[PDB]
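Reproduced below: data31.cif, with mmCIF, C-alpha atoms.
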data_my_file
#
loop_
_atom_site.label_atom_id
_atom_site.label_comp_id
_atom_site.auth_asym_id
_atom_site.auth_seq_id
_atom_site.Cartn_x
_atom_site.Cartn_y
_atom_site.Cartn_z
CA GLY Z 12 0.00 0.00 0.00
CA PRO Z 13 1.09 3.58 0.82
CA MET Z 14 4.60 4.86 1.08
CA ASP Z 15 6.25 7.55 3.18
CA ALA Z 16 6.37 11.09 1.83
CA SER Z 17 8.14 14.20 3.14
CA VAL Z 18 5.96 17.03 4.53
CA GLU Z 19 8.18 19.41 2.57
CA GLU Z 20 6.59 18.02 -0.65
CA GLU Z 21 4.05 20.41 -2.14
CA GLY Z 22 1.33 17.74 -2.36
CA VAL Z 23 1.75 16.55 1.22
CA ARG Z 24 1.78 20.13 2.56
CA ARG Z 25 -1.24 21.05 0.46
CA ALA Z 26 -3.17 18.05 1.76
CA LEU Z 27 -2.21 18.77 5.40
CA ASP Z 28 -3.31 22.44 5.20
CA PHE Z 29 -6.51 21.26 3.61
CA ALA Z 30 -7.30 18.57 6.19
CA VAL Z 31 -6.63 20.94 9.10
CA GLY Z 32 -8.84 23.51 7.24
CA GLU Z 33 -11.72 20.97 7.12
CA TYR Z 34 -11.19 19.86 10.70
CA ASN Z 35 -11.47 23.49 11.74
CA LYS Z 36 -14.60 24.15 9.69
CA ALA Z 37 -16.36 21.13 11.02
CA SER Z 38 -15.56 21.95 14.57
CA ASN Z 39 -17.86 23.62 16.97
CA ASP Z 40 -14.90 25.41 18.46
CA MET Z 41 -14.56 29.17 18.25
CA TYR Z 42 -10.76 28.74 18.58
CA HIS Z 43 -8.54 27.94 15.68
CA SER Z 44 -6.67 24.55 16.03
CA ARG Z 45 -3.39 23.74 14.12
CA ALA Z 46 -0.79 20.98 13.76
CA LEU Z 47 1.45 20.33 16.71
CA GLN Z 48 3.35 17.56 15.00
CA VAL Z 49 2.99 15.45 11.91
CA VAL Z 50 3.46 11.89 13.15
CA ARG Z 51 3.40 10.28 9.72
CA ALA Z 52 2.70 11.19 6.11
CA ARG Z 53 2.23 8.49 3.46
CA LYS Z 54 0.77 8.60 -0.03
CA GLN Z 55 -0.59 6.17 -2.63
CA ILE Z 56 -1.64 6.56 -6.25
CA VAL Z 57 -5.03 4.89 -6.91
CA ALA Z 58 -6.90 4.20 -10.13
CA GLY Z 59 -10.56 3.35 -10.39
CA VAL Z 60 -13.48 3.41 -12.80
CA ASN Z 61 -16.49 5.62 -12.41
CA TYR Z 62 -19.71 4.31 -13.94
CA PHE Z 63 -22.41 6.93 -14.73
CA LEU Z 64 -25.82 5.27 -15.02
CA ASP Z 65 -29.03 6.90 -16.04
CA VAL Z 66 -31.75 4.39 -15.15
CA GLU Z 67 -35.51 4.39 -14.97
CA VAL Z 68 -36.49 2.38 -11.92
CA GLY Z 69 -39.99 0.97 -11.25
CA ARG Z 70 -41.73 -0.43 -8.12
CA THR Z 71 -42.45 -4.20 -8.17
CA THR Z 72 -45.13 -6.24 -6.44
CA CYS Z 73 -42.59 -8.51 -4.61
CA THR Z 74 -41.43 -7.62 -1.12
CA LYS Z 75 -37.71 -7.39 -0.32
CA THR Z 76 -38.19 -10.57 1.83
CA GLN Z 77 -39.13 -13.02 -1.00
CA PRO Z 78 -37.56 -15.10 -3.85
CA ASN Z 79 -36.80 -14.34 -7.51
CA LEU Z 80 -36.92 -10.54 -7.52
CA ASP Z 81 -35.30 -9.62 -10.85
CA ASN Z 82 -38.24 -10.35 -13.17
CA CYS Z 83 -41.03 -9.64 -10.73
CA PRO Z 84 -44.00 -7.61 -12.23
CA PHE Z 85 -44.39 -3.85 -11.73
CA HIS Z 86 -47.33 -2.41 -9.79
CA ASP Z 87 -50.08 -1.29 -12.15
CA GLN Z 88 -52.63 0.07 -9.63
CA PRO Z 89 -53.35 3.80 -9.45
CA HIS Z 90 -51.76 4.73 -6.18
CA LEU Z 91 -49.35 1.90 -5.89
CA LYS Z 92 -47.12 2.15 -8.93
CA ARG Z 93 -44.02 4.34 -8.83
CA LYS Z 94 -41.39 5.06 -11.47
CA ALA Z 95 -38.33 7.32 -11.15
CA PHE Z 96 -35.41 8.33 -13.28
CA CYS Z 97 -32.23 7.88 -11.27
CA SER Z 98 -28.62 8.92 -11.80
CA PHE Z 99 -26.16 6.60 -10.11
CA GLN Z 100 -22.40 7.15 -9.98
CA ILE Z 101 -20.46 4.03 -8.97
CA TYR Z 102 -16.72 4.10 -8.14
CA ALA Z 103 -15.12 0.74 -8.71
CA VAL Z 104 -11.60 -0.32 -7.83
CA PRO Z 105 -11.48 -3.67 -9.75
CA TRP Z 106 -8.26 -5.24 -8.33
CA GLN Z 107 -9.88 -4.83 -4.91
CA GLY Z 108 -13.27 -6.03 -6.17
CA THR Z 109 -15.03 -3.11 -4.45
CA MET Z 110 -17.75 -0.64 -5.51
CA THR Z 111 -19.04 2.47 -3.82
CA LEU Z 112 -22.09 4.56 -4.61
CA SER Z 113 -20.59 8.00 -4.81
CA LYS Z 114 -23.73 9.79 -6.11
CA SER Z 115 -27.45 8.90 -6.19
CA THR Z 116 -30.39 11.11 -7.14
CA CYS Z 117 -33.87 10.46 -8.64
CA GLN Z 118 -36.87 12.36 -9.95
CA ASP Z 119 -40.34 10.93 -10.08
CA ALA Z 120 -41.51 10.03 -13.57
CA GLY G 12 -14.93 12.98 -19.78
CA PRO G 13 -16.89 9.69 -19.76
CA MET G 14 -17.64 7.49 -22.70
CA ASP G 15 -20.53 5.21 -23.59
CA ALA G 16 -20.39 1.58 -22.49
CA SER G 17 -22.68 -1.36 -23.30
CA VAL G 18 -24.85 -2.75 -20.46
CA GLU G 19 -23.82 -6.20 -21.66
CA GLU G 20 -20.28 -5.45 -20.33
CA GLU G 21 -19.58 -7.23 -17.06
CA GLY G 22 -18.43 -4.04 -15.31
CA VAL G 23 -21.46 -2.00 -16.35
CA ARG G 24 -23.87 -4.78 -15.37
CA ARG G 25 -22.11 -5.30 -12.06
CA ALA G 26 -22.32 -1.59 -11.27
CA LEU G 27 -26.02 -1.40 -12.25
CA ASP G 28 -26.99 -4.39 -10.05
CA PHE G 29 -25.02 -2.80 -7.26
CA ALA G 30 -26.57 0.66 -7.56
CA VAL G 31 -30.10 -0.76 -7.69
CA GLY G 32 -29.11 -2.93 -4.65
CA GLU G 33 -28.11 0.22 -2.70
CA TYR G 34 -31.15 2.17 -3.84
CA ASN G 35 -33.30 -0.66 -2.53
CA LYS G 36 -31.49 -0.89 0.81
CA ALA G 37 -31.73 2.79 1.43
CA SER G 38 -35.38 2.91 0.64
CA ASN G 39 -38.12 2.91 3.14
CA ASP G 40 -40.19 0.82 0.79
CA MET G 41 -41.21 -2.72 1.66
CA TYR G 42 -41.48 -3.44 -2.11
CA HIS G 43 -38.54 -4.35 -4.22
CA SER G 44 -37.83 -1.81 -7.08
CA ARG G 45 -35.84 -2.75 -10.28
CA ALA G 46 -34.68 -1.22 -13.57
CA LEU G 47 -37.33 -0.44 -16.13
CA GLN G 48 -34.87 0.89 -18.67
CA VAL G 49 -31.25 1.93 -18.74
CA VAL G 50 -31.29 5.35 -20.39
CA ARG G 51 -27.52 5.73 -20.57
CA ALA G 52 -24.38 4.02 -19.33
CA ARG G 53 -21.00 5.75 -19.51
CA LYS G 54 -17.69 5.03 -17.81
CA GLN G 55 -14.41 6.83 -17.07
CA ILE G 56 -11.08 5.69 -15.67
CA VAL G 57 -9.84 8.06 -12.93
CA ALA G 58 -6.51 8.28 -11.12
CA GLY G 59 -5.90 10.13 -7.90
CA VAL G 60 -3.57 10.27 -4.92
CA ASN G 61 -4.56 9.38 -1.42
CA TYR G 62 -2.62 11.11 1.34
CA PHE G 63 -2.64 9.39 4.78
CA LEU G 64 -1.74 11.88 7.51
CA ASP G 65 -1.22 11.13 11.15
CA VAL G 66 -1.18 14.53 12.86
CA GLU G 67 -1.25 15.79 16.41
CA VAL G 68 -3.47 18.86 16.47
CA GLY G 69 -3.56 21.46 19.29
CA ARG G 70 -6.03 24.25 20.24
CA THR G 71 -4.75 27.83 19.75
CA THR G 72 -5.66 31.06 21.51
CA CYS G 73 -6.73 32.84 18.25
CA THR G 74 -10.35 32.76 17.14
CA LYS G 75 -11.28 31.61 13.63
CA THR G 76 -12.28 35.28 12.92
CA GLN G 77 -8.79 36.89 13.27
CA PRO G 78 -5.46 37.35 11.36
CA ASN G 79 -2.26 35.28 11.18
CA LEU G 80 -3.47 31.92 12.48
CA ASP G 81 -0.66 29.54 11.50
CA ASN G 82 1.85 30.41 14.24
CA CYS G 83 -0.61 31.43 16.91
CA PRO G 84 0.23 30.11 20.47
CA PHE G 85 -1.44 27.03 21.97
CA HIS G 86 -3.67 27.30 25.05
CA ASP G 87 -1.72 26.44 28.20
CA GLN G 88 -4.48 26.83 30.83
CA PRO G 89 -5.83 23.79 32.67
CA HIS G 90 -9.26 23.47 31.19
CA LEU G 91 -8.69 25.31 28.00
CA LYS G 92 -5.95 23.42 26.21
CA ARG G 93 -6.83 20.50 23.96
CA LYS G 94 -4.64 18.18 21.90
CA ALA G 95 -5.74 15.28 19.68
CA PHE G 96 -4.13 12.78 17.41
CA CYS G 97 -5.96 12.77 14.10
CA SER G 98 -5.89 10.52 11.05
CA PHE G 99 -6.81 12.34 7.86
CA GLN G 100 -7.21 10.67 4.47
CA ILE G 101 -7.21 13.15 1.57
CA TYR G 102 -8.11 12.15 -2.01
CA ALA G 103 -6.53 14.46 -4.53
CA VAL G 104 -7.11 14.55 -8.27
CA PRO G 105 -4.22 16.90 -9.27
CA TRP G 106 -5.15 17.72 -12.92
CA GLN G 107 -8.48 18.93 -11.54
CA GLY G 108 -6.81 20.71 -8.60
CA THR G 109 -9.32 19.20 -6.17
CA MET G 110 -9.05 17.54 -2.73
CA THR G 111 -11.61 15.70 -0.68
CA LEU G 112 -11.46 14.57 2.93
CA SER G 113 -12.42 10.95 2.60
CA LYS G 114 -11.68 9.95 6.24
CA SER G 115 -11.22 11.91 9.48
CA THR G 116 -10.96 10.59 13.03
CA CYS G 117 -9.24 11.82 16.25
CA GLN G 118 -8.54 10.68 19.78
CA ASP G 119 -7.86 13.03 22.64
CA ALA G 120 -4.24 13.13 23.74
#

Kindly transcribe the structure held in the file into structure tokens.
Amino acid sequence: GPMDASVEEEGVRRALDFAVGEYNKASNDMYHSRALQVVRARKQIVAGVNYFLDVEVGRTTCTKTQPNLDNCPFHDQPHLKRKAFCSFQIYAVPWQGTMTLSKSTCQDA
Amino acid sequence: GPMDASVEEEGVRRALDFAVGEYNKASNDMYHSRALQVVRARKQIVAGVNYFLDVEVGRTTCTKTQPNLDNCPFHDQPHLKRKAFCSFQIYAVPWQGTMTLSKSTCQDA
């Protein structure tokens, strides 16, 4: 994984100032806090794949608690059916075999 | 930016099943929802740099609302001083000039 990097390095210093900026902004403290000591600084290049999916999604008549969900019929009754257009952004790191849902938003159709 | 990708492609299908999985888990709905139609599927390789910073952070006597904060003296009074060891993880995409704080946790020292 990650490897040691000098704090003198512009990237490491920029990231430190930034993190301490965010820590400060998120705090409920009226006092400014700042670094006493940097105990360790490491860094790692990462590549990944973003998928950007525009998908219409529809409500089915199966409950989440039952078998064979992936070709289950959509509701057709007046106040039961629901359809939305969703935008999903998925960040995959394939050597790791992981996926994260970075972004998710829908509008009723 | 991103480029069109067939839904037949194992990566695109895996990401779709995953997103719809998450959408379902996050919902308050007892019914299963599923894709009616995939309107678009695009994908983009991204590289970035994670910085992993272990930093002791100390409370200063300046307020957030005043000048010259970065060599301001630490509190020394009994119930005013505070010190913590923090772990920050910063995700940088340097062509874009952005940084995000992916992870942030501290323990009082």

Calculate how many Å separate atom CA of residue 115 of chain Z from atom CA of residue 53 of chain G, rounding to one decimal.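 For atom CA of residue 115 of chain Z relative to atom CA of residue 53 of chain G, the distance reads 15.1 Å.
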
Please evaluate the PyMOL selection byres ((chain Z) within 7 of (chain G)) against the displayed coordinates and give the resulting residues as an NGL selection string. :Z and (23 or 26 or 30 or 41-75 or 81 or 99 or 101 or 112)

With all Cα atoms paired residue by residue, do a least-squares superposition of chain Z on chain G and hand back the transformed coordinates as a PDB file with C-alpha atoms, in the frame of the given file.
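Wrote it out as out05.pdb, contents follow:
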ATOM      1  CA  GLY Z  12     -14.931  12.977 -19.776  1.00  0.00           C
ATOM      2  CA  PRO Z  13     -16.887   9.683 -19.755  1.00  0.00           C
ATOM      3  CA  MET Z  14     -17.635   7.491 -22.698  1.00  0.00           C
ATOM      4  CA  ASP Z  15     -20.530   5.212 -23.588  1.00  0.00           C
ATOM      5  CA  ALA Z  16     -20.394   1.587 -22.487  1.00  0.00           C
ATOM      6  CA  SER Z  17     -22.680  -1.352 -23.295  1.00  0.00           C
ATOM      7  CA  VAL Z  18     -24.849  -2.747 -20.459  1.00  0.00           C
ATOM      8  CA  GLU Z  19     -23.817  -6.200 -21.659  1.00  0.00           C
ATOM      9  CA  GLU Z  20     -20.281  -5.452 -20.330  1.00  0.00           C
ATOM     10  CA  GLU Z  21     -19.573  -7.237 -17.059  1.00  0.00           C
ATOM     11  CA  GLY Z  22     -18.436  -4.045 -15.302  1.00  0.00           C
ATOM     12  CA  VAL Z  23     -21.453  -1.998 -16.359  1.00  0.00           C
ATOM     13  CA  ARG Z  24     -23.873  -4.789 -15.376  1.00  0.00           C
ATOM     14  CA  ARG Z  25     -22.103  -5.296 -12.061  1.00  0.00           C
ATOM     15  CA  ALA Z  26     -22.319  -1.587 -11.276  1.00  0.00           C
ATOM     16  CA  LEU Z  27     -26.021  -1.402 -12.252  1.00  0.00           C
ATOM     17  CA  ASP Z  28     -26.983  -4.391 -10.048  1.00  0.00           C
ATOM     18  CA  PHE Z  29     -25.016  -2.804  -7.260  1.00  0.00           C
ATOM     19  CA  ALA Z  30     -26.573   0.660  -7.561  1.00  0.00           C
ATOM     20  CA  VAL Z  31     -30.107  -0.764  -7.688  1.00  0.00           C
ATOM     21  CA  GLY Z  32     -29.115  -2.932  -4.643  1.00  0.00           C
ATOM     22  CA  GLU Z  33     -28.111   0.227  -2.702  1.00  0.00           C
ATOM     23  CA  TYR Z  34     -31.156   2.168  -3.838  1.00  0.00           C
ATOM     24  CA  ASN Z  35     -33.300  -0.662  -2.522  1.00  0.00           C
ATOM     25  CA  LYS Z  36     -31.491  -0.886   0.812  1.00  0.00           C
ATOM     26  CA  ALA Z  37     -31.734   2.795   1.427  1.00  0.00           C
ATOM     27  CA  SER Z  38     -35.378   2.914   0.641  1.00  0.00           C
ATOM     28  CA  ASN Z  39     -38.127   2.911   3.147  1.00  0.00           C
ATOM     29  CA  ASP Z  40     -40.190   0.825   0.785  1.00  0.00           C
ATOM     30  CA  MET Z  41     -41.209  -2.711   1.655  1.00  0.00           C
ATOM     31  CA  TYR Z  42     -41.481  -3.446  -2.103  1.00  0.00           C
ATOM     32  CA  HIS Z  43     -38.536  -4.351  -4.221  1.00  0.00           C
ATOM     33  CA  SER Z  44     -37.826  -1.813  -7.078  1.00  0.00           C
ATOM     34  CA  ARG Z  45     -35.842  -2.741 -10.283  1.00  0.00           C
ATOM     35  CA  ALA Z  46     -34.681  -1.222 -13.577  1.00  0.00           C
ATOM     36  CA  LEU Z  47     -37.323  -0.440 -16.138  1.00  0.00           C
ATOM     37  CA  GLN Z  48     -34.862   0.890 -18.664  1.00  0.00           C
ATOM     38  CA  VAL Z  49     -31.250   1.927 -18.735  1.00  0.00           C
ATOM     39  CA  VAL Z  50     -31.291   5.345 -20.392  1.00  0.00           C
ATOM     40  CA  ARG Z  51     -27.525   5.732 -20.562  1.00  0.00           C
ATOM     41  CA  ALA Z  52     -24.383   4.016 -19.326  1.00  0.00           C
ATOM     42  CA  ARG Z  53     -20.994   5.752 -19.512  1.00  0.00           C
ATOM     43  CA  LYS Z  54     -17.688   5.033 -17.815  1.00  0.00           C
ATOM     44  CA  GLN Z  55     -14.411   6.830 -17.078  1.00  0.00           C
ATOM     45  CA  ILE Z  56     -11.082   5.688 -15.672  1.00  0.00           C
ATOM     46  CA  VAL Z  57      -9.833   8.065 -12.932  1.00  0.00           C
ATOM     47  CA  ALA Z  58      -6.515   8.277 -11.119  1.00  0.00           C
ATOM     48  CA  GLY Z  59      -5.901  10.133  -7.900  1.00  0.00           C
ATOM     49  CA  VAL Z  60      -3.564  10.265  -4.924  1.00  0.00           C
ATOM     50  CA  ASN Z  61      -4.566   9.380  -1.415  1.00  0.00           C
ATOM     51  CA  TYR Z  62      -2.613  11.108   1.346  1.00  0.00           C
ATOM     52  CA  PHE Z  63      -2.638   9.388   4.784  1.00  0.00           C
ATOM     53  CA  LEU Z  64      -1.741  11.878   7.516  1.00  0.00           C
ATOM     54  CA  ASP Z  65      -1.217  11.135  11.146  1.00  0.00           C
ATOM     55  CA  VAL Z  66      -1.182  14.531  12.864  1.00  0.00           C
ATOM     56  CA  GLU Z  67      -1.255  15.797  16.409  1.00  0.00           C
ATOM     57  CA  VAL Z  68      -3.471  18.862  16.463  1.00  0.00           C
ATOM     58  CA  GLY Z  69      -3.561  21.457  19.282  1.00  0.00           C
ATOM     59  CA  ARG Z  70      -6.028  24.246  20.240  1.00  0.00           C
ATOM     60  CA  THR Z  71      -4.750  27.832  19.747  1.00  0.00           C
ATOM     61  CA  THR Z  72      -5.662  31.057  21.507  1.00  0.00           C
ATOM     62  CA  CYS Z  73      -6.730  32.841  18.247  1.00  0.00           C
ATOM     63  CA  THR Z  74     -10.350  32.763  17.146  1.00  0.00           C
ATOM     64  CA  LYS Z  75     -11.277  31.611  13.633  1.00  0.00           C
ATOM     65  CA  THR Z  76     -12.277  35.280  12.921  1.00  0.00           C
ATOM     66  CA  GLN Z  77      -8.786  36.888  13.272  1.00  0.00           C
ATOM     67  CA  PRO Z  78      -5.461  37.351  11.365  1.00  0.00           C
ATOM     68  CA  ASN Z  79      -2.260  35.284  11.177  1.00  0.00           C
ATOM     69  CA  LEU Z  80      -3.470  31.923  12.479  1.00  0.00           C
ATOM     70  CA  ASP Z  81      -0.655  29.539  11.501  1.00  0.00           C
ATOM     71  CA  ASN Z  82       1.851  30.412  14.242  1.00  0.00           C
ATOM     72  CA  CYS Z  83      -0.614  31.437  16.908  1.00  0.00           C
ATOM     73  CA  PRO Z  84       0.229  30.110  20.474  1.00  0.00           C
ATOM     74  CA  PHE Z  85      -1.443  27.030  21.978  1.00  0.00           C
ATOM     75  CA  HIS Z  86      -3.666  27.295  25.055  1.00  0.00           C
ATOM     76  CA  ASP Z  87      -1.721  26.441  28.198  1.00  0.00           C
ATOM     77  CA  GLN Z  88      -4.478  26.833  30.834  1.00  0.00           C
ATOM     78  CA  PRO Z  89      -5.829  23.787  32.667  1.00  0.00           C
ATOM     79  CA  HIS Z  90      -9.265  23.466  31.190  1.00  0.00           C
ATOM     80  CA  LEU Z  91      -8.691  25.311  28.001  1.00  0.00           C
ATOM     81  CA  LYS Z  92      -5.952  23.420  26.213  1.00  0.00           C
ATOM     82  CA  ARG Z  93      -6.831  20.497  23.955  1.00  0.00           C
ATOM     83  CA  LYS Z  94      -4.632  18.183  21.902  1.00  0.00           C
ATOM     84  CA  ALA Z  95      -5.740  15.278  19.687  1.00  0.00           C
ATOM     85  CA  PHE Z  96      -4.124  12.771  17.410  1.00  0.00           C
ATOM     86  CA  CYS Z  97      -5.964  12.778  14.098  1.00  0.00           C
ATOM     87  CA  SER Z  98      -5.891  10.522  11.048  1.00  0.00           C
ATOM     88  CA  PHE Z  99      -6.808  12.333   7.859  1.00  0.00           C
ATOM     89  CA  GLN Z 100      -7.205  10.672   4.462  1.00  0.00           C
ATOM     90  CA  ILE Z 101      -7.208  13.153   1.569  1.00  0.00           C
ATOM     91  CA  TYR Z 102      -8.113  12.147  -2.015  1.00  0.00           C
ATOM     92  CA  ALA Z 103      -6.534  14.457  -4.534  1.00  0.00           C
ATOM     93  CA  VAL Z 104      -7.117  14.548  -8.268  1.00  0.00           C
ATOM     94  CA  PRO Z 105      -4.226  16.903  -9.274  1.00  0.00           C
ATOM     95  CA  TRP Z 106      -5.148  17.715 -12.927  1.00  0.00           C
ATOM     96  CA  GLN Z 107      -8.475  18.938 -11.540  1.00  0.00           C
ATOM     97  CA  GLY Z 108      -6.809  20.707  -8.605  1.00  0.00           C
ATOM     98  CA  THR Z 109      -9.330  19.201  -6.165  1.00  0.00           C
ATOM     99  CA  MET Z 110      -9.051  17.536  -2.733  1.00  0.00           C
ATOM    100  CA  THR Z 111     -11.617  15.700  -0.676  1.00  0.00           C
ATOM    101  CA  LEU Z 112     -11.463  14.566   2.928  1.00  0.00           C
ATOM    102  CA  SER Z 113     -12.419  10.946   2.599  1.00  0.00           C
ATOM    103  CA  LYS Z 114     -11.682   9.950   6.235  1.00  0.00           C
ATOM    104  CA  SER Z 115     -11.224  11.917   9.484  1.00  0.00           C
ATOM    105  CA  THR Z 116     -10.960  10.590  13.034  1.00  0.00           C
ATOM    106  CA  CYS Z 117      -9.241  11.822  16.245  1.00  0.00           C
ATOM    107  CA  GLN Z 118      -8.535  10.679  19.783  1.00  0.00           C
ATOM    108  CA  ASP Z 119      -7.862  13.032  22.631  1.00  0.00           C
ATOM    109  CA  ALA Z 120      -4.239  13.123  23.738  1.00  0.00           C
TER     110      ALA Z 120
END

So which one's closest to residue 92 of chain Z, Z:24, Z:39, Z:19, Z:120? Using all atoms listed in the file, please.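 Closest residue, counting all atoms listed in the file: Z:120.
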
Could you state the separation of atom CA of residue 108 of chain Z and atom CA of residue 37 of chain G in Å, given to one decimal place?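 Interatomic distance here is 21.8 Å.
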
Could you check how far atom CA of residue 32 of chain G sits from atom CA of residue 106 of chain Z, in Å to one decimal?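 According to the coordinates, atom CA of residue 32 of chain G and atom CA of residue 106 of chain Z are separated by 21.3 Å.
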